[PDB]
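Visitor: Dropping the structure in here first, questions after.
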Amino acid sequence: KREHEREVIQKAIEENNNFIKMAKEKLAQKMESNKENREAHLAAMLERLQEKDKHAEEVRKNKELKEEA
Amino acid sequence: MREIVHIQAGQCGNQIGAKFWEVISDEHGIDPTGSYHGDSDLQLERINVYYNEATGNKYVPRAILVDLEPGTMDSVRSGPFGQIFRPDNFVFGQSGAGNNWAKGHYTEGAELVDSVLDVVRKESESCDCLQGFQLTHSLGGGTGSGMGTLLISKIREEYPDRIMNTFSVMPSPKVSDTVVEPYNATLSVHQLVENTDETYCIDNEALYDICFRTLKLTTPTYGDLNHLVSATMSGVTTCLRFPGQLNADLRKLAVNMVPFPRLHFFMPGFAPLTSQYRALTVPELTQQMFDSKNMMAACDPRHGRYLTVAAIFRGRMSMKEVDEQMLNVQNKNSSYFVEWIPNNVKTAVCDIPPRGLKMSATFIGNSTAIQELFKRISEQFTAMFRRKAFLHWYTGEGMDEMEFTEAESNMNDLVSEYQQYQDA
Ligand SMILES: Nc1nc2c(ncn2[C@@H]2O[C@H](COP(=O)(O)OP(=O)(O)O)[C@@H](O)[C@H]2O)c(=O)[nH]1
Ligand SMILES: [Ca+2]
Ligand SMILES: [Mg+2]
């Protein structure tokens, strides 16, 4: 019976620690995944804006070519 | 010098335990300061059974007060007889048990149990000849139920050859604090089946009914309920506290009352129960003593059979008439006493009456009808356990559902065992 009493309280400790461990790991996964997703969305937005700048440079360069002729 | 060590655990155990020491201190002439102011040597003849003698002719109760909360024990220390208890015998935690058997038995009470055993060891070392222990507790809460049975198991481990006696308060939906009381009671009953020699089953359902139906109290309180317990506890311990020949010690009481080791749960009864100056005759005491309305277990004696009976009469009365009335009840209702235990009714008489009464009678019955109490708890247990309701309070403390299943089976075996000897 003393052995069973030790096993019960150790089981309660193990489950409480496992709950803390699962909560910490799940949150860290979510915060890291969210950080990557938001940065990816911002990176895609900036890349499109940079492509607009590249298009504008092409347009302005195209005007100089025709002005020479 | 056959000493008894008293332990009270939890809210109910301490509140009932405090009233018990208040009642018997008055009977033995001990004032709240521990000084003797009686007028009869019969009060001090067996005073060492429950009291230690200190410097200055002071009588200190051999009582250990245990709780996982300081609240109730603080009230006891501030109560009428609070100062009479030994200050070092107050062992208490702070977290509490939350009406949870697992907390009292496995997690919260485990942290505190060793310090209680140190006080038990200190009290036992000074005993010339220790009879054993008496415990007051409830089975429906967490501390008295969970930690109380933990204490019993550990005390039996350290003192295997001593008698374990308990006053166990059974839960009831009529007087209920939480829905988990059937869980706590069922878990505790199996501990009592294995690790106690004598258990007085005090049913809060019976105490409420007596206060309501008999004493005409429309709104009974715990104080009213504990008044019945105090009177019952004084009566059942009369043979231990005063000179006598019958059931004078715990072991001899167990030999007379327990024909089979697991069937040691007693139905206590008290008379008179008056809602008051009228003198009560010896025939009236005997009729009320055996009446179901004066039983503290809420079991109908006519639904079962008496294995053994102990009767105690207190006051200046005709012992010849007591014998006639006791033989009259047995001879007029012999169908309710088992025929395979001859002369199973033993009667004792004490000259000193309880406070406020000229005549009193205390009933101690080992009846197979006590199975009704265990059936009632079992039905309430199963109604929730079949849906695993409220189990998370216990699995959160490390317990598994299998332990509940085993406790359920153990009490059903106890019920079946009582039914075996009711038909034999
Ligand atoms: N007769 C009686 N029963 C009580 C008293 N206090 C609590 N109870 C019962 O005991 C159960 C609750 O147990 P409790 O002692 O309060 O829990 P614990 O302090 O953790 O051991 C419930 O079934 C109540 O009906 C009391 O003063 N007298
Ligand atoms: Ca702690
Ligand atoms: Mg309580």
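Residues are named by chain letter and number: chains run A, B, ... in the order of the structure tokens, numbers start at 1 in each chain, and ligands are numbered from 1 in the order shown.
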If you count only C-alpha atoms, which residues fall within 8 Å of residue 310 in chain B, apart from same-chain ones fewer than 2 positions away, as a ChimeraX atom specification?

Guide: /B:257,308,312,345-348,363-365

Visitor: Listing only residues of chain B within 9 Å of ligand 3, what is the closest atom pair and its distance in Å (to one decimal) for each, using only C-alpha atoms and all ligand atoms, sorted by chain and residue number ascending, as CSV?

Guide:
residue,atom,partner,partner_atom_place_in_ligand_line,distance
B:10,CA,ligand 3,1 (Mg),7.8
B:11,CA,ligand 3,1 (Mg),5.6
B:12,CA,ligand 3,1 (Mg),7.0
B:98,CA,ligand 3,1 (Mg),8.1
B:99,CA,ligand 3,1 (Mg),6.7
B:140,CA,ligand 3,1 (Mg),8.8
B:141,CA,ligand 3,1 (Mg),6.3
B:142,CA,ligand 3,1 (Mg),8.3
B:177,CA,ligand 3,1 (Mg),6.9
B:178,CA,ligand 3,1 (Mg),8.9

Visitor: Would you kindly report the residues of chain A within 9 Å of chain B, using only C-alpha atoms, as number ranges by chain?

Guide: A: 1-2, 5-16

Visitor: Please save N, CA, C and O atoms of the selected residues as a PDB file, in the first residue's frame.

Guide:
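Wrote part-v7.pdb, looks like this:
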ATOM      1  N   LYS A   1       0.824  -1.203   0.000  1.00  0.00           N
ATOM      2  CA  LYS A   1       0.000   0.000   0.000  1.00  0.00           C
ATOM      3  C   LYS A   1       0.861   1.258   0.000  1.00  0.00           C
ATOM      4  O   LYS A   1       0.530   2.244  -0.669  1.00  0.00           O
ATOM      5  N   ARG A   2       1.970   1.246   0.748  1.00  0.00           N
ATOM      6  CA  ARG A   2       2.894   2.376   0.714  1.00  0.00           C
ATOM      7  C   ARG A   2       3.450   2.581  -0.690  1.00  0.00           C
ATOM      8  O   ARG A   2       3.618   3.720  -1.141  1.00  0.00           O
ATOM      9  N   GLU A   5       0.823   4.313  -2.691  1.00  0.00           N
ATOM     10  CA  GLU A   5       0.733   5.721  -2.316  1.00  0.00           C
ATOM     11  C   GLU A   5       1.825   6.543  -2.990  1.00  0.00           C
ATOM     12  O   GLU A   5       1.575   7.667  -3.441  1.00  0.00           O
ATOM     13  N   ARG A   6       3.044   6.003  -3.057  1.00  0.00           N
ATOM     14  CA  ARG A   6       4.122   6.688  -3.763  1.00  0.00           C
ATOM     15  C   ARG A   6       3.816   6.815  -5.249  1.00  0.00           C
ATOM     16  O   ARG A   6       4.104   7.848  -5.865  1.00  0.00           O
ATOM     17  N   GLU A   7       3.246   5.766  -5.848  1.00  0.00           N
ATOM     18  CA  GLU A   7       2.970   5.793  -7.280  1.00  0.00           C
ATOM     19  C   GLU A   7       1.878   6.795  -7.628  1.00  0.00           C
ATOM     20  O   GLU A   7       1.928   7.413  -8.698  1.00  0.00           O
ATOM     21  N   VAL A   8       0.889   6.972  -6.750  1.00  0.00           N
ATOM     22  CA  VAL A   8      -0.190   7.915  -7.035  1.00  0.00           C
ATOM     23  C   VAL A   8       0.343   9.343  -7.064  1.00  0.00           C
ATOM     24  O   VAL A   8       0.080  10.099  -8.006  1.00  0.00           O
ATOM     25  N   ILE A   9       1.110   9.730  -6.041  1.00  0.00           N
ATOM     26  CA  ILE A   9       1.592  11.106  -5.970  1.00  0.00           C
ATOM     27  C   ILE A   9       2.624  11.373  -7.061  1.00  0.00           C
ATOM     28  O   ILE A   9       2.687  12.478  -7.613  1.00  0.00           O
ATOM     29  N   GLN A  10       3.447  10.375  -7.394  1.00  0.00           N
ATOM     30  CA  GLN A  10       4.360  10.535  -8.522  1.00  0.00           C
ATOM     31  C   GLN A  10       3.593  10.656  -9.833  1.00  0.00           C
ATOM     32  O   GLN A  10       4.016  11.379 -10.741  1.00  0.00           O
ATOM     33  N   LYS A  11       2.469   9.946  -9.955  1.00  0.00           N
ATOM     34  CA  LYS A  11       1.641  10.070 -11.150  1.00  0.00           C
ATOM     35  C   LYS A  11       1.042  11.466 -11.261  1.00  0.00           C
ATOM     36  O   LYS A  11       0.981  12.038 -12.356  1.00  0.00           O
ATOM     37  N   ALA A  12       0.596  12.031 -10.136  1.00  0.00           N
ATOM     38  CA  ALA A  12       0.068  13.391 -10.149  1.00  0.00           C
ATOM     39  C   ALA A  12       1.147  14.397 -10.531  1.00  0.00           C
ATOM     40  O   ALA A  12       0.884  15.350 -11.274  1.00  0.00           O
ATOM     41  N   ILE A  13       2.367  14.209 -10.019  1.00  0.00           N
ATOM     42  CA  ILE A  13       3.475  15.088 -10.383  1.00  0.00           C
ATOM     43  C   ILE A  13       3.783  14.969 -11.870  1.00  0.00           C
ATOM     44  O   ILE A  13       3.973  15.975 -12.563  1.00  0.00           O
ATOM     45  N   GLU A  14       3.833  13.736 -12.383  1.00  0.00           N
ATOM     46  CA  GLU A  14       4.182  13.528 -13.785  1.00  0.00           C
ATOM     47  C   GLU A  14       3.151  14.156 -14.715  1.00  0.00           C
ATOM     48  O   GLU A  14       3.512  14.787 -15.715  1.00  0.00           O
ATOM     49  N   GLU A  15       1.863  13.996 -14.403  1.00  0.00           N
ATOM     50  CA  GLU A  15       0.824  14.555 -15.263  1.00  0.00           C
ATOM     51  C   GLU A  15       0.818  16.079 -15.214  1.00  0.00           C
ATOM     52  O   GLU A  15       0.592  16.735 -16.237  1.00  0.00           O
ATOM     53  N   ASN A  16       1.057  16.660 -14.036  1.00  0.00           N
ATOM     54  CA  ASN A  16       1.131  18.115 -13.938  1.00  0.00           C
ATOM     55  C   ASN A  16       2.316  18.661 -14.726  1.00  0.00           C
ATOM     56  O   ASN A  16       2.190  19.666 -15.436  1.00  0.00           O
TER      57      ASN A  16
END

Visitor: For range 24-35 of chain B, work out the shell of residues within 9 Å, counting only C-alpha atoms and skipping chain neighbours fewer than 2 positions away, then give it as a PyMOL selection string.

Guide: chain B and resi 19-22+37-40+42-44+47+56-61+80-85+230+234+241+352-355

Visitor: Give me the residues near residue 66 in chain B as a list in words, where near means some atom within 6 Å (using only C-alpha atoms) and where sequence neighbours in that chain fewer than 4 positions away do not count.

Guide: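 The residues satisfying every condition are residues 8, 9, 91 and 92 of chain B.
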
Visitor: What do you get as number ranges by chain if you pick all residues at most 9 Å from ligand 1, counting only C-alpha atoms and all ligand atoms?

Guide: B: 9-16, 67-69, 72, 96-101, 104, 137-148, 169-178, 181-182, 185, 202-205, 207-208, 221-229

Visitor: Write down as a VMD selection string the residues of range 37-254 of chain B whose backbone DSSP state falls under helix (DSSP H, G or I).

Guide: chain B and resid 41 to 45 47 to 49 71 to 77 82 to 84 87 to 89 101 to 125 143 to 158 181 to 195 204 to 214 222 to 236 238 to 241 250 to 254

Visitor: Excluding residue 306 in chain B and its own-chain neighbours fewer than 5 positions away, which residues fall within 8 Å of it when counting only C-alpha atoms? Please give them as a list in words.

Guide: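 Close residues of residue 306 in chain B: residues 301, 336, 337, 338, 365, 366, 367 and 368 of chain B.
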
Visitor: Convert the current residue selection to file output with N, CA, C and O atoms, as a PDB file, in the first residue's frame.

Guide:
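Listed below is the output, selection_9.pdb:
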ATOM      1  N   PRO B 301     -33.710  -2.112  12.175  1.00  0.00           N
ATOM      2  CA  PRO B 301     -33.255  -3.381  12.767  1.00  0.00           C
ATOM      3  C   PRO B 301     -34.130  -4.562  12.398  1.00  0.00           C
ATOM      4  O   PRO B 301     -33.630  -5.690  12.316  1.00  0.00           O
ATOM      5  N   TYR B 336     -35.196 -11.676  15.874  1.00  0.00           N
ATOM      6  CA  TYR B 336     -34.247 -10.700  15.358  1.00  0.00           C
ATOM      7  C   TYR B 336     -32.844 -10.872  15.927  1.00  0.00           C
ATOM      8  O   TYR B 336     -31.968 -10.049  15.637  1.00  0.00           O
ATOM      9  N   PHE B 337     -32.613 -11.909  16.725  1.00  0.00           N
ATOM     10  CA  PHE B 337     -31.290 -12.255  17.224  1.00  0.00           C
ATOM     11  C   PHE B 337     -30.889 -13.600  16.636  1.00  0.00           C
ATOM     12  O   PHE B 337     -31.690 -14.541  16.633  1.00  0.00           O
ATOM     13  N   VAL B 338     -29.655 -13.688  16.133  1.00  0.00           N
ATOM     14  CA  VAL B 338     -29.201 -14.930  15.521  1.00  0.00           C
ATOM     15  C   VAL B 338     -29.145 -16.028  16.573  1.00  0.00           C
ATOM     16  O   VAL B 338     -28.698 -15.814  17.708  1.00  0.00           O
ATOM     17  N   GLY B 365     -25.246  -2.015  18.689  1.00  0.00           N
ATOM     18  CA  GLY B 365     -25.681  -3.210  17.994  1.00  0.00           C
ATOM     19  C   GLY B 365     -24.880  -3.558  16.756  1.00  0.00           C
ATOM     20  O   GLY B 365     -24.615  -2.696  15.912  1.00  0.00           O
ATOM     21  N   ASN B 366     -24.484  -4.824  16.639  1.00  0.00           N
ATOM     22  CA  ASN B 366     -23.884  -5.356  15.417  1.00  0.00           C
ATOM     23  C   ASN B 366     -24.991  -6.095  14.674  1.00  0.00           C
ATOM     24  O   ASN B 366     -25.165  -7.306  14.819  1.00  0.00           O
ATOM     25  N   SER B 367     -25.747  -5.353  13.872  1.00  0.00           N
ATOM     26  CA  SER B 367     -26.878  -5.888  13.128  1.00  0.00           C
ATOM     27  C   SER B 367     -26.525  -6.012  11.653  1.00  0.00           C
ATOM     28  O   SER B 367     -25.833  -5.154  11.097  1.00  0.00           O
ATOM     29  N   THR B 368     -27.012  -7.082  11.019  1.00  0.00           N
ATOM     30  CA  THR B 368     -26.843  -7.228   9.579  1.00  0.00           C
ATOM     31  C   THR B 368     -27.627  -6.186   8.792  1.00  0.00           C
ATOM     32  O   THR B 368     -27.386  -6.035   7.590  1.00  0.00           O
TER      33      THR B 368
END

Visitor: Quick check, in Å to one decimal: how far apart do CA of residue 415 in chain B and CA of residue 259 in chain B lie?

Guide: 16.1 Å

Visitor: Enumerate the residues of range 52-111 of chain B with a DSSP assignment of strand (DSSP E), computed from the backbone, and present them as a compact mmCIF listing (two decimals) with C-alpha atoms, in the first residue's frame.

Guide:
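Result saved to states-v4.txt:
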# COMPACT_ATOMS: atom_id res chain seq x y z
CA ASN B 52 -2.72 12.33 31.16
CA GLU B 53 -1.71 13.69 34.56
CA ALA B 54 0.67 16.67 34.53
CA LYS B 58 -3.63 18.82 35.89
CA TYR B 59 -5.49 16.38 33.63
CA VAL B 60 -4.53 16.78 29.96
CA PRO B 61 -6.66 14.88 27.41
CA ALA B 63 -6.08 13.84 22.19
CA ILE B 64 -4.39 14.74 18.90
CA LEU B 65 -6.11 17.35 16.71
CA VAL B 66 -5.46 16.98 12.97
CA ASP B 67 -6.64 19.04 10.02
CA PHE B 90 -2.39 20.61 17.34
CA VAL B 91 -1.06 19.34 14.00
CA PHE B 92 -2.44 21.24 11.03

Visitor: Grab the CA of residue 1 in chain B to CA of residue 165 in chain B distance for me, in Å with one decimal place.

Guide: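 According to the coordinates, CA of residue 1 in chain B and CA of residue 165 in chain B are separated by 18.3 Å.
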
Visitor: As an exercise, work out the distance from CA of residue 300 in chain B to CA of residue 237 in chain B in Å and give it to one decimal place.

Guide: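 Rounded to one decimal, the two atoms are 23.8 Å apart.
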